[PDB]
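Scroll down for the structure; my scribbles are underneath it.
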Amino acid sequence: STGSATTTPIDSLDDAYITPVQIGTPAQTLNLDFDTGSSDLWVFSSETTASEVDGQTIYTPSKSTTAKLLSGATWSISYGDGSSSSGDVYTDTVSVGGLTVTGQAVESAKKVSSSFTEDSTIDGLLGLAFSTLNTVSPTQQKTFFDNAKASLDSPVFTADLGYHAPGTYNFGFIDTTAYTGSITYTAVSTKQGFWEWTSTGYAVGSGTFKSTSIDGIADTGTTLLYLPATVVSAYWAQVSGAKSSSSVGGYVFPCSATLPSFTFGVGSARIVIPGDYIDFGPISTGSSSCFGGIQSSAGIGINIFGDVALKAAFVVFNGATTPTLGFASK
Ligand code: NA
């Protein structure tokens with residue numbers, strides 16, 4: 001089998017991407033944030049504290065003839081950005097882009113943190129990291145991909161995120177028309193539960209490539225590119241007036257600037273992030289200070305190749321017995 005679904009930016013900055021997901025019978029379609037940095041499929045629901053729901057579409061398990069309580073199971077998650085959610089668990093039929101999994105764990109939120117409430121466009125998350133990170137207790141549950149894997153034509157999914165435009169998540173096949181040149185594959189460590197890999201270096205603009213190993217995670221659920229402070233300083237030094245602002249919480253730059261590109265290495269190959277991809281706009285409405293899309297990972301404890309990086313590439317998440325990642329230009 002295969003599946004293919006379009007993923008759509010939630011706003012004009014590409015702060016996140018939402019993908020429609022069919023849950024239950026008859027289908028209830030929710031727009032979920034596909035997150036290769038976590039491993040829980042959780043949704044706003046008829047169980048979510050009423051004051052914590054503000055415009056989201058909810059899953060109502062009592063209206064699904066295929067829903068079944070997963071008795072005794074609970075979940076609770078906290079994300080790198082400080083947000084969180086928790087609740088109980090149902091199994092139900094879940095379909096993405098025509099690919100169906102029966103008996104998928106659907107984690108129903110009883111509580112969500114304010115950042116989720118405040119974002120009316122995201123109805124929940126669909127985790128695509130390794131199932132070892134799934135938070136359900138006392139019986140850990142499998143991700144949608146892990147459940148689908150054996151049935152897929154090939155045990156892979158691909159992320160093709162757009163810049164200020166929709167893109168595509170495919171399951172079970174490589175669309176050879178979706179990228180240019182060849183795909184370069186690179187090794188993955190699953191020891192921390194992530195799609196963790198090692199970039200071979202970077203360049204700023206038209207500058208020389210610096211060969212240096214940068215361990216990090218491929219994370220579709222993180223907006224920005226988080227790299228070591230040395231690398232990030234080298235980038236922003238090429239933008240007149242850019243500076244790290246402790247009060248704003250990262251690098252800012254004059255909105256009048258023209259941003260240079262940023263290149264990262266994948267083996268001997270190179271992925272170029274255009275400068276425009278690094279602009280996250282005014283820090284507040286009407287400000288002439290703009291927020292940068294490349295930020296320091298110092299304090300986070302891991303480097304994160306978030307959407308800023310991933311949307312410059314066609315990315316293969318190869319879930320074979322020994323997983324690997326692939327990157328192509330597009
Ligand atoms: Na922000």
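We label chains A, B, ... in the order they appear in the structure tokens, count residues from 1 in each chain, and number ligands from 1 in the order shown.
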Kindly compile the residues surrounding ligand 1 within 9 Å, counting only C-alpha atoms and all ligand atoms, and format them as a ChimeraX atom specification. /A:15,248-249,280,283,291
Writing out the chosen residues with N, CA, C and O atoms as a PDB file, in the first residue's frame:
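Result written to again06.pdb:
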ATOM      1  N   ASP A  15       4.856  28.781   9.912  1.00  0.00           N
ATOM      2  CA  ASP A  15       5.177  28.443  11.299  1.00  0.00           C
ATOM      3  C   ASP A  15       5.016  26.950  11.597  1.00  0.00           C
ATOM      4  O   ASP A  15       5.697  26.392  12.474  1.00  0.00           O
ATOM      5  N   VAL A 248      14.201  39.485  23.139  1.00  0.00           N
ATOM      6  CA  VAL A 248      13.330  38.877  22.143  1.00  0.00           C
ATOM      7  C   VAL A 248      13.434  37.350  22.199  1.00  0.00           C
ATOM      8  O   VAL A 248      12.441  36.656  21.974  1.00  0.00           O
ATOM      9  N   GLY A 249      14.617  36.823  22.518  1.00  0.00           N
ATOM     10  CA  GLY A 249      14.836  35.392  22.585  1.00  0.00           C
ATOM     11  C   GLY A 249      15.553  34.791  21.384  1.00  0.00           C
ATOM     12  O   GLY A 249      15.377  33.602  21.110  1.00  0.00           O
ATOM     13  N   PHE A 280      11.623  35.314   9.262  1.00  0.00           N
ATOM     14  CA  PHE A 280      10.375  35.062   9.993  1.00  0.00           C
ATOM     15  C   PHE A 280       9.640  36.340  10.379  1.00  0.00           C
ATOM     16  O   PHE A 280       8.714  36.282  11.192  1.00  0.00           O
ATOM     17  N   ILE A 283       9.122  41.149  14.562  1.00  0.00           N
ATOM     18  CA  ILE A 283       9.000  40.515  15.867  1.00  0.00           C
ATOM     19  C   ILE A 283       7.635  40.783  16.493  1.00  0.00           C
ATOM     20  O   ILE A 283       7.139  39.964  17.263  1.00  0.00           O
ATOM     21  N   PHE A 291      12.618  38.546  12.904  1.00  0.00           N
ATOM     22  CA  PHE A 291      13.123  37.380  13.624  1.00  0.00           C
ATOM     23  C   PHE A 291      13.811  36.408  12.678  1.00  0.00           C
ATOM     24  O   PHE A 291      13.283  36.048  11.630  1.00  0.00           O
TER      25      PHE A 291
END
Write out as a PDB file with N, CA, C and O atoms, in the first residue's frame all residues of region 60-125 of chain A that backbone DSSP assigns to strand (DSSP E or B).
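Saved to out-v7.pdb:
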ATOM      1  N   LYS A  68     -12.538   2.284  20.356  1.00  0.00           N
ATOM      2  CA  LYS A  68     -12.595   1.480  21.565  1.00  0.00           C
ATOM      3  C   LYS A  68     -11.647   2.088  22.591  1.00  0.00           C
ATOM      4  O   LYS A  68     -10.493   2.395  22.284  1.00  0.00           O
ATOM      5  N   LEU A  69     -12.120   2.293  23.813  1.00  0.00           N
ATOM      6  CA  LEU A  69     -11.238   2.767  24.870  1.00  0.00           C
ATOM      7  C   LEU A  69     -10.085   1.787  25.023  1.00  0.00           C
ATOM      8  O   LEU A  69     -10.309   0.572  25.087  1.00  0.00           O
ATOM      9  N   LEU A  70      -8.868   2.309  25.128  1.00  0.00           N
ATOM     10  CA  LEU A  70      -7.712   1.487  25.476  1.00  0.00           C
ATOM     11  C   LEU A  70      -7.639   1.558  27.004  1.00  0.00           C
ATOM     12  O   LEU A  70      -7.121   2.528  27.593  1.00  0.00           O
ATOM     13  N   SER A  71      -8.242   0.568  27.649  1.00  0.00           N
ATOM     14  CA  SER A  71      -8.546   0.680  29.064  1.00  0.00           C
ATOM     15  C   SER A  71      -7.289   0.828  29.903  1.00  0.00           C
ATOM     16  O   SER A  71      -6.370   0.016  29.805  1.00  0.00           O
ATOM     17  N   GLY A  72      -7.304   1.854  30.751  1.00  0.00           N
ATOM     18  CA  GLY A  72      -6.226   2.115  31.684  1.00  0.00           C
ATOM     19  C   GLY A  72      -5.077   2.933  31.132  1.00  0.00           C
ATOM     20  O   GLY A  72      -4.180   3.309  31.881  1.00  0.00           O
ATOM     21  N   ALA A  73      -5.078   3.192  29.828  1.00  0.00           N
ATOM     22  CA  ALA A  73      -3.952   3.872  29.208  1.00  0.00           C
ATOM     23  C   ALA A  73      -4.081   5.379  29.359  1.00  0.00           C
ATOM     24  O   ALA A  73      -5.148   5.962  29.123  1.00  0.00           O
ATOM     25  N   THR A  74      -2.967   6.017  29.716  1.00  0.00           N
ATOM     26  CA  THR A  74      -2.903   7.471  29.779  1.00  0.00           C
ATOM     27  C   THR A  74      -1.636   7.934  29.075  1.00  0.00           C
ATOM     28  O   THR A  74      -0.736   7.145  28.774  1.00  0.00           O
ATOM     29  N   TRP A  75      -1.581   9.225  28.787  1.00  0.00           N
ATOM     30  CA  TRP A  75      -0.421   9.804  28.118  1.00  0.00           C
ATOM     31  C   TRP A  75      -0.219  11.210  28.628  1.00  0.00           C
ATOM     32  O   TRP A  75      -1.157  11.856  29.093  1.00  0.00           O
ATOM     33  N   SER A  76       1.011  11.687  28.494  1.00  0.00           N
ATOM     34  CA  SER A  76       1.370  13.034  28.917  1.00  0.00           C
ATOM     35  C   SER A  76       2.679  13.396  28.243  1.00  0.00           C
ATOM     36  O   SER A  76       3.648  12.635  28.317  1.00  0.00           O
ATOM     37  N   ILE A  77       2.707  14.538  27.568  1.00  0.00           N
ATOM     38  CA  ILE A  77       3.883  14.874  26.773  1.00  0.00           C
ATOM     39  C   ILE A  77       4.233  16.329  26.979  1.00  0.00           C
ATOM     40  O   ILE A  77       3.354  17.175  27.204  1.00  0.00           O
ATOM     41  N   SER A  78       5.528  16.616  26.942  1.00  0.00           N
ATOM     42  CA  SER A  78       6.004  17.981  26.938  1.00  0.00           C
ATOM     43  C   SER A  78       6.965  18.134  25.787  1.00  0.00           C
ATOM     44  O   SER A  78       7.839  17.288  25.571  1.00  0.00           O
ATOM     45  N   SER A  84       2.619  21.419  26.187  1.00  0.00           N
ATOM     46  CA  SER A  84       2.310  20.107  26.730  1.00  0.00           C
ATOM     47  C   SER A  84       0.846  19.748  26.544  1.00  0.00           C
ATOM     48  O   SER A  84       0.002  20.618  26.281  1.00  0.00           O
ATOM     49  N   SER A  85       0.548  18.465  26.700  1.00  0.00           N
ATOM     50  CA  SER A  85      -0.823  17.991  26.654  1.00  0.00           C
ATOM     51  C   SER A  85      -0.882  16.601  27.311  1.00  0.00           C
ATOM     52  O   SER A  85       0.163  15.961  27.501  1.00  0.00           O
ATOM     53  N   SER A  86      -2.082  16.149  27.679  1.00  0.00           N
ATOM     54  CA  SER A  86      -2.230  14.840  28.335  1.00  0.00           C
ATOM     55  C   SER A  86      -3.661  14.348  28.219  1.00  0.00           C
ATOM     56  O   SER A  86      -4.581  15.138  27.978  1.00  0.00           O
ATOM     57  N   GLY A  87      -3.864  13.054  28.456  1.00  0.00           N
ATOM     58  CA  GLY A  87      -5.208  12.516  28.440  1.00  0.00           C
ATOM     59  C   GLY A  87      -5.244  11.002  28.473  1.00  0.00           C
ATOM     60  O   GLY A  87      -4.387  10.360  29.089  1.00  0.00           O
ATOM     61  N   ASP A  88      -6.277  10.452  27.835  1.00  0.00           N
ATOM     62  CA  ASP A  88      -6.481   9.004  27.778  1.00  0.00           C
ATOM     63  C   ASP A  88      -6.428   8.551  26.316  1.00  0.00           C
ATOM     64  O   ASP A  88      -6.032   9.346  25.452  1.00  0.00           O
ATOM     65  N   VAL A  89      -6.761   7.294  26.034  1.00  0.00           N
ATOM     66  CA  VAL A  89      -6.423   6.716  24.744  1.00  0.00           C
ATOM     67  C   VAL A  89      -7.539   5.838  24.236  1.00  0.00           C
ATOM     68  O   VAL A  89      -8.100   5.042  24.985  1.00  0.00           O
ATOM     69  N   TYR A  90      -7.807   5.965  22.943  1.00  0.00           N
ATOM     70  CA  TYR A  90      -8.714   5.094  22.212  1.00  0.00           C
ATOM     71  C   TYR A  90      -7.919   4.423  21.111  1.00  0.00           C
ATOM     72  O   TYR A  90      -6.882   4.951  20.677  1.00  0.00           O
ATOM     73  N   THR A  91      -8.357   3.256  20.664  1.00  0.00           N
ATOM     74  CA  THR A  91      -7.893   2.765  19.384  1.00  0.00           C
ATOM     75  C   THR A  91      -8.981   3.032  18.361  1.00  0.00           C
ATOM     76  O   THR A  91     -10.184   2.980  18.668  1.00  0.00           O
ATOM     77  N   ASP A  92      -8.575   3.350  17.133  1.00  0.00           N
ATOM     78  CA  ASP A  92      -9.542   3.606  16.072  1.00  0.00           C
ATOM     79  C   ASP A  92      -8.836   3.473  14.733  1.00  0.00           C
ATOM     80  O   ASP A  92      -7.605   3.342  14.663  1.00  0.00           O
ATOM     81  N   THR A  93      -9.628   3.524  13.670  1.00  0.00           N
ATOM     82  CA  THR A  93      -9.111   3.496  12.308  1.00  0.00           C
ATOM     83  C   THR A  93      -8.639   4.885  11.920  1.00  0.00           C
ATOM     84  O   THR A  93      -9.375   5.868  12.079  1.00  0.00           O
ATOM     85  N   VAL A  94      -7.411   4.978  11.412  1.00  0.00           N
ATOM     86  CA  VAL A  94      -6.806   6.251  11.027  1.00  0.00           C
ATOM     87  C   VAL A  94      -6.310   6.114   9.603  1.00  0.00           C
ATOM     88  O   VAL A  94      -5.580   5.163   9.273  1.00  0.00           O
ATOM     89  N   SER A  95      -6.667   7.086   8.754  1.00  0.00           N
ATOM     90  CA  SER A  95      -6.210   7.087   7.375  1.00  0.00           C
ATOM     91  C   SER A  95      -5.547   8.409   7.029  1.00  0.00           C
ATOM     92  O   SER A  95      -6.030   9.482   7.416  1.00  0.00           O
ATOM     93  N   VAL A  96      -4.449   8.311   6.279  1.00  0.00           N
ATOM     94  CA  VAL A  96      -3.697   9.482   5.803  1.00  0.00           C
ATOM     95  C   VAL A  96      -3.506   9.319   4.316  1.00  0.00           C
ATOM     96  O   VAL A  96      -2.831   8.392   3.867  1.00  0.00           O
ATOM     97  N   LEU A  99      -3.993   5.819   2.911  1.00  0.00           N
ATOM     98  CA  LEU A  99      -3.351   4.723   3.650  1.00  0.00           C
ATOM     99  C   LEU A  99      -4.053   4.545   4.986  1.00  0.00           C
ATOM    100  O   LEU A  99      -4.119   5.496   5.765  1.00  0.00           O
ATOM    101  N   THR A 100      -4.561   3.346   5.257  1.00  0.00           N
ATOM    102  CA  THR A 100      -5.363   3.093   6.445  1.00  0.00           C
ATOM    103  C   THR A 100      -4.670   2.156   7.419  1.00  0.00           C
ATOM    104  O   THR A 100      -4.160   1.097   7.020  1.00  0.00           O
ATOM    105  N   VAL A 101      -4.669   2.554   8.691  1.00  0.00           N
ATOM    106  CA  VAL A 101      -4.240   1.717   9.806  1.00  0.00           C
ATOM    107  C   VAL A 101      -5.439   1.463  10.705  1.00  0.00           C
ATOM    108  O   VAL A 101      -6.081   2.407  11.169  1.00  0.00           O
ATOM    109  N   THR A 102      -5.737   0.191  10.953  1.00  0.00           N
ATOM    110  CA  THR A 102      -6.730  -0.142  11.965  1.00  0.00           C
ATOM    111  C   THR A 102      -6.053  -0.327  13.328  1.00  0.00           C
ATOM    112  O   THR A 102      -4.886  -0.702  13.410  1.00  0.00           O
ATOM    113  N   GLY A 103      -6.782  -0.031  14.393  1.00  0.00           N
ATOM    114  CA  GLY A 103      -6.250  -0.203  15.729  1.00  0.00           C
ATOM    115  C   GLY A 103      -5.149   0.774  16.099  1.00  0.00           C
ATOM    116  O   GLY A 103      -4.344   0.488  16.984  1.00  0.00           O
ATOM    117  N   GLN A 104      -5.105   1.935  15.452  1.00  0.00           N
ATOM    118  CA  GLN A 104      -4.139   2.966  15.806  1.00  0.00           C
ATOM    119  C   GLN A 104      -4.496   3.583  17.165  1.00  0.00           C
ATOM    120  O   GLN A 104      -5.666   3.924  17.409  1.00  0.00           O
ATOM    121  N   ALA A 105      -3.487   3.797  18.016  1.00  0.00           N
ATOM    122  CA  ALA A 105      -3.718   4.533  19.252  1.00  0.00           C
ATOM    123  C   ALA A 105      -3.922   6.009  18.936  1.00  0.00           C
ATOM    124  O   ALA A 105      -3.038   6.666  18.354  1.00  0.00           O
ATOM    125  N   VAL A 106      -5.099   6.505  19.301  1.00  0.00           N
ATOM    126  CA  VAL A 106      -5.492   7.906  19.162  1.00  0.00           C
ATOM    127  C   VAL A 106      -5.590   8.456  20.573  1.00  0.00           C
ATOM    128  O   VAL A 106      -6.456   8.053  21.359  1.00  0.00           O
ATOM    129  N   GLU A 107      -4.671   9.352  20.909  1.00  0.00           N
ATOM    130  CA  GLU A 107      -4.521   9.870  22.265  1.00  0.00           C
ATOM    131  C   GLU A 107      -5.411  11.098  22.379  1.00  0.00           C
ATOM    132  O   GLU A 107      -5.206  12.109  21.720  1.00  0.00           O
ATOM    133  N   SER A 108      -6.456  10.977  23.182  1.00  0.00           N
ATOM    134  CA  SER A 108      -7.454  12.019  23.345  1.00  0.00           C
ATOM    135  C   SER A 108      -7.044  12.974  24.440  1.00  0.00           C
ATOM    136  O   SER A 108      -6.823  12.556  25.582  1.00  0.00           O
ATOM    137  N   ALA A 109      -6.917  14.257  24.111  1.00  0.00           N
ATOM    138  CA  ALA A 109      -6.477  15.231  25.103  1.00  0.00           C
ATOM    139  C   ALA A 109      -7.597  15.560  26.080  1.00  0.00           C
ATOM    140  O   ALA A 109      -8.712  15.922  25.678  1.00  0.00           O
ATOM    141  N   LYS A 110      -7.294  15.435  27.365  1.00  0.00           N
ATOM    142  CA  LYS A 110      -8.123  16.038  28.399  1.00  0.00           C
ATOM    143  C   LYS A 110      -7.644  17.453  28.729  1.00  0.00           C
ATOM    144  O   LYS A 110      -8.443  18.309  29.080  1.00  0.00           O
ATOM    145  N   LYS A 111      -6.338  17.680  28.604  1.00  0.00           N
ATOM    146  CA  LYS A 111      -5.722  18.971  28.891  1.00  0.00           C
ATOM    147  C   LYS A 111      -4.728  19.289  27.797  1.00  0.00           C
ATOM    148  O   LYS A 111      -4.036  18.393  27.323  1.00  0.00           O
ATOM    149  N   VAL A 112      -4.663  20.563  27.410  1.00  0.00           N
ATOM    150  CA  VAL A 112      -3.619  21.058  26.523  1.00  0.00           C
ATOM    151  C   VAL A 112      -3.115  22.383  27.086  1.00  0.00           C
ATOM    152  O   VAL A 112      -3.864  23.101  27.748  1.00  0.00           O
ATOM    153  N   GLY A 124      -4.160  18.745  16.541  1.00  0.00           N
ATOM    154  CA  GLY A 124      -3.393  17.723  17.216  1.00  0.00           C
ATOM    155  C   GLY A 124      -2.110  17.454  16.466  1.00  0.00           C
ATOM    156  O   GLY A 124      -1.775  18.162  15.500  1.00  0.00           O
ATOM    157  N   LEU A 125      -1.378  16.449  16.932  1.00  0.00           N
ATOM    158  CA  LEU A 125      -0.083  16.081  16.385  1.00  0.00           C
ATOM    159  C   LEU A 125      -0.138  14.637  15.911  1.00  0.00           C
ATOM    160  O   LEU A 125      -0.835  13.798  16.511  1.00  0.00           O
TER     161      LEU A 125
END
Tell me, counting only C-alpha atoms, for each residue of region 179-291 of chain A within 8 Å of region 296-317 of chain A, which pair of atoms is nearest and how far apart they are in Å to one decimal, in rows ordered by chain and increasing number, as CSV.
residue,atom,partner,partner_atom,distance
A:179,CA,A:314,CA,6.1
A:195,CA,A:317,CA,7.9
A:214,CA,A:303,CA,7.7
A:215,CA,A:303,CA,6.5
A:216,CA,A:303,CA,4.3
A:217,CA,A:304,CA,5.0
A:218,CA,A:305,CA,4.9
A:219,CA,A:306,CA,4.9
A:220,CA,A:307,CA,5.5
A:221,CA,A:306,CA,7.0
A:222,CA,A:306,CA,4.7
A:223,CA,A:307,CA,4.9
A:224,CA,A:306,CA,5.0
A:225,CA,A:306,CA,5.0
A:226,CA,A:297,CA,4.7
A:227,CA,A:297,CA,5.0
A:228,CA,A:297,CA,5.5
A:229,CA,A:296,CA,5.0
A:232,CA,A:296,CA,6.0
A:250,CA,A:296,CA,7.6
A:271,CA,A:313,CA,6.8
A:272,CA,A:312,CA,6.7
A:273,CA,A:312,CA,5.5
A:274,CA,A:312,CA,7.8
A:277,CA,A:308,CA,6.2
A:278,CA,A:308,CA,6.7
Pull the alpha helix (DSSP H) assignments for region 64-130 of chain A out of DSSP run on the backbone, and list those residues as a PDB file with N, CA and C atoms, in the first residue's frame.
ATOM      1  N   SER A 114      -1.546  26.359  26.871  1.00  0.00           N
ATOM      2  CA  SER A 114      -2.125  27.538  26.261  1.00  0.00           C
ATOM      3  C   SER A 114      -1.695  27.700  24.816  1.00  0.00           C
ATOM      4  N   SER A 115      -0.467  27.310  24.478  1.00  0.00           N
ATOM      5  CA  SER A 115      -0.015  27.529  23.106  1.00  0.00           C
ATOM      6  C   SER A 115      -0.843  26.709  22.122  1.00  0.00           C
ATOM      7  N   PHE A 116      -1.285  25.520  22.533  1.00  0.00           N
ATOM      8  CA  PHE A 116      -2.154  24.726  21.673  1.00  0.00           C
ATOM      9  C   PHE A 116      -3.536  25.362  21.576  1.00  0.00           C
ATOM     10  N   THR A 117      -4.104  25.754  22.709  1.00  0.00           N
ATOM     11  CA  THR A 117      -5.404  26.411  22.684  1.00  0.00           C
ATOM     12  C   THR A 117      -5.424  27.616  21.746  1.00  0.00           C
TER      13      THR A 117
END
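With only C-alpha atoms as the atoms that count, the minimum distance from residue 126 (chain A) to the choices A:159, A:21, A:259, A:183 is reached by A:21.
Distances here use only C-alpha atoms; by that measure, the residue among A:51, A:25, A:213, A:2 closest to residue 154 (chain A) is A:2.
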Residues within 10 Å of residue 26 (chain A), please, as a list in words. Count only C-alpha atoms; anything in the same chain fewer than 6 positions from it doesn't count. residues 63, 64, 65, 66 and 93 of chain A
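Residues within 9 Å of residue 32 (chain A), counting only C-alpha atoms and excluding same-chain residues fewer than 6 positions away, are residues 17, 18, 19, 20, 21, 41, 42, 43, 121, 122, 123, 124, 125 and 126 of chain A.
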Those residues you just picked out, can you put them in a file as a short mmCIF file (atom, residue, chain, number, x, y, z; two decimals), in the first residue's frame with C-alpha atoms?
data_model
loop_
_atom_site.label_atom_id
_atom_site.label_comp_id
_atom_site.auth_asym_id
_atom_site.auth_seq_id
_atom_site.Cartn_x
_atom_site.Cartn_y
_atom_site.Cartn_z
CA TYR A 17 2.19 22.63 8.45
CA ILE A 18 -1.13 20.80 8.79
CA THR A 19 -2.16 17.60 7.04
CA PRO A 20 -5.75 16.24 7.01
CA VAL A 21 -6.17 12.89 8.78
CA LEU A 41 -0.77 10.84 17.77
CA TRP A 42 -2.89 13.10 19.95
CA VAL A 43 -6.01 15.11 19.20
CA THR A 121 -5.42 25.76 13.06
CA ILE A 122 -3.79 22.70 14.66
CA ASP A 123 -6.17 19.95 15.82
CA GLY A 124 -3.39 17.72 17.22
CA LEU A 125 -0.08 16.08 16.38
CA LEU A 126 0.85 12.94 14.45
#
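Closest approach to residue 40 (chain A) among A:318, A:137, A:177, A:7 is made by A:137 (distances from only C-alpha atoms).
Using only C-alpha atoms for every distance, the candidate list A:35, A:276, A:153, A:54 yields A:35 as the residue closest to residue 130 (chain A).
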With only C-alpha atoms as the counted atoms, please give the residues lying no more than 12 Å from residue 236 (chain A), apart from itself and same-chain residues fewer than 2 positions off, as a PyMOL selection string. chain A and resi 204-205+229-234+238-244+250-254+257-262+275+278+291-296
Please produce an output containing N, CA, C and O atoms for each residue in the selection, written as a short mmCIF file (atom, residue, chain, number, x, y, z; two decimals), in the first residue's frame.
data_model
loop_
_atom_site.label_atom_id
_atom_site.label_comp_id
_atom_site.auth_asym_id
_atom_site.auth_seq_id
_atom_site.Cartn_x
_atom_site.Cartn_y
_atom_site.Cartn_z
N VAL A 204 28.05 29.81 4.50
CA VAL A 204 27.22 31.00 4.58
C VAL A 204 27.30 31.75 3.26
O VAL A 204 28.39 32.14 2.82
N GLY A 205 26.16 31.96 2.61
CA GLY A 205 26.14 32.65 1.33
C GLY A 205 27.05 32.00 0.33
O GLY A 205 27.07 30.78 0.20
N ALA A 229 26.20 27.59 18.45
CA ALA A 229 26.33 29.04 18.49
C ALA A 229 27.41 29.57 17.57
O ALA A 229 27.28 30.70 17.06
N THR A 230 28.49 28.82 17.40
CA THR A 230 29.56 29.20 16.48
C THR A 230 29.03 29.37 15.04
O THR A 230 29.33 30.36 14.36
N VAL A 231 28.27 28.38 14.58
CA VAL A 231 27.73 28.37 13.22
C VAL A 231 26.74 29.52 13.04
O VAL A 231 26.74 30.24 12.04
N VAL A 232 25.88 29.69 14.03
CA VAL A 232 24.83 30.71 13.96
C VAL A 232 25.44 32.11 13.96
O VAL A 232 24.99 32.99 13.21
N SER A 233 26.45 32.33 14.80
CA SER A 233 27.16 33.62 14.79
C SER A 233 27.79 33.90 13.43
O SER A 233 27.74 35.03 12.94
N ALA A 234 28.42 32.88 12.84
CA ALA A 234 29.03 33.04 11.53
C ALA A 234 27.99 33.45 10.47
O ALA A 234 28.29 34.26 9.59
N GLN A 238 27.12 38.01 8.72
CA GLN A 238 27.02 38.44 7.32
C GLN A 238 25.78 39.27 7.05
O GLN A 238 25.51 39.60 5.89
N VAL A 239 25.04 39.65 8.08
CA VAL A 239 23.84 40.48 7.94
C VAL A 239 24.06 41.75 8.77
O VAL A 239 24.08 41.71 9.99
N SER A 240 24.23 42.90 8.11
CA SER A 240 24.52 44.14 8.83
C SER A 240 23.39 44.46 9.81
O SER A 240 22.21 44.49 9.43
N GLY A 241 23.77 44.71 11.05
CA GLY A 241 22.82 45.08 12.06
C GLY A 241 22.18 43.90 12.77
O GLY A 241 21.44 44.13 13.72
N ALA A 242 22.43 42.66 12.35
CA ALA A 242 21.85 41.53 13.06
C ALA A 242 22.53 41.35 14.41
O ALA A 242 23.74 41.61 14.54
N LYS A 243 21.78 40.87 15.39
CA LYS A 243 22.32 40.69 16.73
C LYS A 243 21.43 39.72 17.49
O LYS A 243 20.25 39.55 17.16
N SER A 244 22.00 39.09 18.50
CA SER A 244 21.23 38.26 19.42
C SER A 244 20.62 39.15 20.47
O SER A 244 21.33 39.89 21.16
N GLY A 250 16.38 35.57 20.69
CA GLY A 250 17.21 35.02 19.66
C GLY A 250 17.73 36.13 18.76
O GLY A 250 17.62 37.33 19.07
N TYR A 251 18.31 35.70 17.65
CA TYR A 251 18.80 36.62 16.64
C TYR A 251 17.65 37.32 15.93
O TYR A 251 16.69 36.69 15.46
N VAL A 252 17.83 38.63 15.83
CA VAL A 252 16.96 39.52 15.08
C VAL A 252 17.81 40.27 14.07
O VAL A 252 19.04 40.37 14.21
N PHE A 253 17.17 40.79 13.03
CA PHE A 253 17.90 41.49 11.99
C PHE A 253 17.02 42.59 11.43
O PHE A 253 15.79 42.54 11.52
N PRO A 254 17.63 43.61 10.82
CA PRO A 254 16.80 44.69 10.25
C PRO A 254 15.94 44.17 9.13
O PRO A 254 16.43 43.48 8.22
N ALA A 257 17.17 44.20 5.51
CA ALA A 257 18.28 43.40 5.03
C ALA A 257 17.91 42.46 3.90
O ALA A 257 16.76 42.00 3.79
N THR A 258 18.92 42.12 3.11
CA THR A 258 18.85 40.98 2.21
C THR A 258 19.63 39.83 2.84
O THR A 258 20.83 39.94 3.04
N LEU A 259 18.97 38.73 3.17
CA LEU A 259 19.61 37.61 3.86
C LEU A 259 20.41 36.73 2.90
O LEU A 259 19.93 36.40 1.81
N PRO A 260 21.60 36.30 3.31
CA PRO A 260 22.35 35.32 2.53
C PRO A 260 21.74 33.92 2.68
O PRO A 260 21.04 33.61 3.64
N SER A 261 22.03 33.06 1.71
CA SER A 261 21.68 31.66 1.83
C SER A 261 22.52 30.97 2.93
O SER A 261 23.53 31.51 3.41
N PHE A 262 22.10 29.75 3.26
CA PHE A 262 22.83 28.90 4.19
C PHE A 262 22.86 27.51 3.59
O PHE A 262 21.81 26.97 3.24
N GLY A 275 18.13 32.59 1.24
CA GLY A 275 18.00 33.58 2.29
C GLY A 275 16.58 33.88 2.70
O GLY A 275 16.30 34.06 3.87
N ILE A 278 14.88 32.18 5.60
CA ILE A 278 15.40 32.46 6.92
C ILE A 278 14.72 33.70 7.54
O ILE A 278 14.97 34.05 8.69
N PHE A 291 12.62 38.55 12.90
CA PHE A 291 13.12 37.38 13.62
C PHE A 291 13.81 36.41 12.68
O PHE A 291 13.28 36.05 11.63
N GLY A 292 15.00 35.96 13.07
CA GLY A 292 15.76 35.05 12.23
C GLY A 292 15.31 33.60 12.28
O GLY A 292 14.87 33.08 13.31
N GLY A 293 15.52 32.92 11.15
CA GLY A 293 15.13 31.52 11.04
C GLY A 293 16.22 30.51 11.37
O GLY A 293 15.94 29.30 11.35
N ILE A 294 17.43 31.00 11.63
CA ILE A 294 18.56 30.22 12.11
C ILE A 294 18.86 30.75 13.51
O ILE A 294 19.09 31.95 13.68
N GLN A 295 18.82 29.86 14.50
CA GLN A 295 18.97 30.23 15.89
C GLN A 295 19.91 29.26 16.58
O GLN A 295 20.13 28.15 16.11
N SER A 296 20.47 29.68 17.71
CA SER A 296 21.37 28.82 18.47
C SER A 296 20.62 27.69 19.17
O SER A 296 19.57 27.89 19.78
#
List the neighbours of residue 211 (chain A) out to 12 Å using only C-alpha atoms; skip same-chain residues closer than 4 positions along the sequence, and give me the result as a list in words. residues 198, 199, 200, 201, 202, 203, 231, 263, 264, 265, 266, 267, 268, 269 and 270 of chain A
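Nearest residue to residue 150 (chain A), choosing from A:127, A:327, A:321, A:284 and counting only C-alpha atoms: A:321.
With only C-alpha atoms as the basis for measurement, A:157 is the residue among A:163, A:209, A:157, A:171 that approaches residue 325 (chain A) most closely.
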